[PDB]
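**Q** Numbering of the sequence shown is given in the authors' numbering, commencing with residue 3 and proceeding in unit increments. Here a beta-carbon is modelled for each residue, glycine too, at the ideal position from N, C-alpha and C. Dropping a structure here in structure tokens format, bear with me for questions.
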Amino acid sequence: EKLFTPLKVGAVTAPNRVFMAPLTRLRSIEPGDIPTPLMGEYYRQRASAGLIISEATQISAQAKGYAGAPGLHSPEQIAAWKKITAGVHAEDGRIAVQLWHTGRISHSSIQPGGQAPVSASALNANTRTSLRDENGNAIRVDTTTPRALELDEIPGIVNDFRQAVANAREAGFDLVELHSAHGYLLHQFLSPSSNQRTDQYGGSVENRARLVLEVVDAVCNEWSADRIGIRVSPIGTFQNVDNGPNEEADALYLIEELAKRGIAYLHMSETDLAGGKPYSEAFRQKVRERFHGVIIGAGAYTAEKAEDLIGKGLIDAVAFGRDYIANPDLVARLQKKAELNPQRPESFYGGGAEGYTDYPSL
Ligand SMILES: Cc1cc2nc3c(=O)[nH]c(=O)nc-3n(C[C@H](O)[C@H](O)[C@H](O)COP(=O)(O)O)c2cc1C
């Protein structure tokens, strides 16, 4: 067994390789997209994780795409997150904040000025996002058609990520994870299916990866490379955003570029919750030889699969999502081979304490 052995992750050291995957729960306070004491308790309960990766958090108000998702751009948000990270640390844990811009997976009603959300191109995501009704309950709504970002607006996006990282540092986070997956803004630019731009941000893979790499350079400069992690989902289709006809080659290009920055980690979301083709060991080898930091595998992993790939030296840690929602002490359970609490999917999004902080520990 290696899941319970230490691992150097950038500027921090995880005591085990059982990580908590970033999980949107949409329980923040509105107005203000403010983290709550309940959220602090939720994270505190899971502080034994090798590393806790927070729910996706807005880098700006424009980044918002889901009612209930927290932000890390306002004073009130920073003050709230400081309490959450302090609680995790009081329990000897480590926490990274996942930062995102939802791009076209949003709705005009939650955008500043009630205007259309932005993206690489003016193409509807053709999916749904979550809003709240008059009683605060989570509801699904079709996504609003986006406006294509003007070339001169791009620097602003990079600056928003940079500022969000500066705020993350002050908020007490140990690391930050750039959300470059699952069809959100950064992925919208990376994918040819969602990017039809004819300027230097569209077309070739070099052009498509331009934005995410500018963001990476900006945040490394703002804080430190060993404080930066990034999540990608470069193989398969996610929320209607595929990865092009040369997904494997383009993925290796991106990974090689990221490696040049010497960032803390590469987090690979292998499949959509709906499933997808499994990574071949050959591909895992090509990815491993191109990145020199920690590699985190994720996507319906089993303890056995984690041990198998960590043992083969293909990955360093595993991020568990749904098992962490239902098991605050997942580490102890996996170590003791204890049974897990049953999952209650109906309370994954929105609501309150029920289905959030009421899953018992051993
Ligand atoms: C309720 C829910 C919310 C999620 N929110 C996020 C998110 O904020 N950021 C992200 O990168 N992935 C998100 N994911 C994906 C998970 O991080 C994870 O990759 C996925 O659930 C597959 O892993 P699992 O089989 O261990 O649950 C979400 C998944 C679930 C079920």
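For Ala321, which residues does DSSP report across the bridge?
**A** The residue labelled residue 321 in the question sits at position 319 within the sequence shown. Its beta-bridge partners are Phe21, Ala300.
**Q** Could you tell me how far apart the beta carbons of residue 2 and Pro37 are, in whole angstroms, since I believe they sit closer than 8 Å?
**A** Shown here, the chain extends from 3 to 364; a query on residue 2 therefore has no answer.
**Q** At which residues does the beta strand (DSSP E) containing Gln47 begin and terminate?
**A** Position 45 of the sequence shown, counting from 1, holds the residue named residue 47. Premise fails: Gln47 lies in the alpha helix (DSSP H), 39-47, not in any beta strand (DSSP E).
**Q** Closer than 7 Å to a non-hydrogen atom of ligand 1 - does that hold for the CB of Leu192?
**A** In the sequence shown, the residue the question calls residue 192 occupies position 190. No - ligand 1 has no heavy atom lying nearer than 7 Å to the Cβ of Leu192.
**Q** Going by CA-CA distance only, name the one from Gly278, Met270, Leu215, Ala251 that's closest to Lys262.
**A** Start at 1 with the first residue of the sequence shown, and residue 262 comes out as number 260. Cα-wise, what sits closest to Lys262 is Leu215.
**Q** Is the CB-CB distance between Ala266 and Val296 below 8 Å?
**A** If you number the sequence shown from 1, residue 266 lands on position 264. If you number the sequence shown from 1, residue 296 lands on position 294. It is a contact, given that the beta carbons lie within the stated cut-off.
**Q** Skipping 5 residues on each side, what residues in its chain have a beta carbon closer than 6 Å to that of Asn128?
**A** Taking the sequence shown and counting its residues from 1, one reaches residue 128 at position 126. Result list for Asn128: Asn242, in chain order.
**Q** At the level of alpha carbons, what is the spacing between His103 and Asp360?
**A** Here residue 103 corresponds to residue number 101 of the sequence shown, with the count starting at 1. Here residue 360 corresponds to residue number 358 of the sequence shown, with the count starting at 1. Answer to the nearest angstrom: the Cα atoms are 30 Å apart.
**Q** Taking only the alpha-carbon atoms, compute the straight-line gap between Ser271 and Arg346 and give it to the nearest angstrom.
**A** The sequence position of residue 271 within the sequence shown is 269, counting from 1. The sequence position of residue 346 within the sequence shown is 344, counting from 1. Near 22 Å, if we compare the C-alpha coordinates of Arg346 and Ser271.
**Q** Near ligand 1, which residues have their beta-carbon less than 7 Å from any of its heavy atoms, given in chain order?
**A** This criterion selects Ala23, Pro24, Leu25, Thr26, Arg27, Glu57, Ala58, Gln100, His181, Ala183, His184, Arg233, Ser271, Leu275, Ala300, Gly301, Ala302, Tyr303, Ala321, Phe322, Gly323, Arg324, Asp325, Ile327, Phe350, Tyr351.
**Q** Please classify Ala319: is it buried, with 16 or more other beta-carbons within 10 angstroms of its beta-carbon, or exposed?
**A** For the purposes of this step, residue 319 is taken as the residue at position 317 of the sequence shown. By the 10 Å Cβ count, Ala319 comes out buried.
**Q** Taking only runs of the beta strand (DSSP E) that begin and end inside the segment 91-150, which ones reach a length of at least 3 residues, in chain order?
**A** Correct list: 97-102, 130-134, 140-144.
**Q** What does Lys10 pair with, by DSSP beta-bridge criteria?
**A** By 1-based counting over the sequence shown, the position of residue 10 is 8. In the DSSP output, where bridge partners are listed per residue, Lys10 has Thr15.
**Q** Look at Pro17 and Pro8 and say whether their C-beta atoms are less than 8 Å apart.
**A** Position 15 of the sequence shown, counted from the first residue, corresponds to residue 17. Position 6 of the sequence shown, counted from the first residue, corresponds to residue 8. Yes, they are a contact pair.
**Q** Quick check: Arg233 and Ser182, are their CB atoms within less than 8 Å of each other?
**A** In the sequence shown, counting from the first residue as 1, residue 233 sits at position 231. In the sequence shown, counting from the first residue as 1, residue 182 sits at position 180. Going by C-beta atoms, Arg233 is nearer than 8 Å to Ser182.
**Q** Roughly how many angstroms lie between the CA atoms of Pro344 and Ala328, to the nearest whole one?
**A** Within the sequence shown, residue 344 is the residue found at index 342, counting from 1. Within the sequence shown, residue 328 is the residue found at index 326, counting from 1. Approximately 7 Å, taken between the alpha carbons.
**Q** Please determine, among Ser30, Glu32, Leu5, the residue with the shortest C-alpha to C-alpha distance to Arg19.
**A** Against the sequence shown, residue 19 aligns to sequence position 17. Measuring from the Cα of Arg19, the nearest candidate turns out to be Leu5.
**Q** Helix, strand or coil, according to DSSP, for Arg164 in the structure here?
**A** Within the sequence shown, residue 164 is the residue found at index 162, counting from 1. Helix at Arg164.
**Q** Could you tell me if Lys66 is buried or exposed, where buried requires 16 or more neighbouring beta carbons within 10 angstroms of its beta carbon?
**A** Along the sequence shown, read from residue 1 onward, the residue named residue 66 stands at position 64. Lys66 is buried by the Cβ-count criterion.
**Q** Under a Cβ-count criterion, where at least 16 other Cβ atoms within 10 Å of its own Cβ denotes burial, should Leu213 be classed as buried or exposed?
**A** The residue labelled residue 213 in the question sits at position 211 within the sequence shown. With 16 or more other Cβ atoms within 10 Å, it is buried.
**Q** In whole angstroms, what is the alpha-carbon distance linking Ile237 and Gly174?
**A** Indexing the sequence shown from 1 puts residue 237 at position 235. Indexing the sequence shown from 1 puts residue 174 at position 172. Their backbone Cα atoms lie some 33 Å apart in a straight line.
**Q** With respect to the alpha helix (DSSP H) encompassing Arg233, which residues constitute its N-terminal and C-terminal limits?
**A** By one-based count along the sequence shown, residue 233 stands at place 231. Not the alpha helix (DSSP H): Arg233 falls in the beta strand (DSSP E), residues 230-234.
**Q** Excluding the 5 residues flanking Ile112 on each side, which residues of the same chain have their C-beta closer than 8 Å to its C-beta?
**A** Locating residue 112 in the sequence shown gives position 110, where the first residue counts as 1. Same-chain partners within the cutoff: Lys66, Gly67, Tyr68, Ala69, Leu133.
**Q** For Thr131, which option in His109, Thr87, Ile54 has the closest C-alpha, if you only look at C-alpha atoms?
**A** Within the sequence shown, residue 131 is the residue found at index 129, counting from 1. Residue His109 is the option with its Cα nearest to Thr131.
**Q** How about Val90 and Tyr44: are their beta carbons less than 8 Å apart?
**A** Stepping through the sequence shown from its first residue, residue 90 is reached at position 88. Stepping through the sequence shown from its first residue, residue 44 is reached at position 42. Not in contact: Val90 and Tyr44 (Cβ atoms no closer than 8 Å).
**Q** Tell me which residues share the same chain as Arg286 and place their Cβ nearer than 6 Å to its Cβ, disregarding the 5 neighbours each side in the sequence.
**A** Along the sequence shown, read from residue 1 onward, the residue named residue 286 stands at position 284. These residues qualify, in order along the chain: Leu316.
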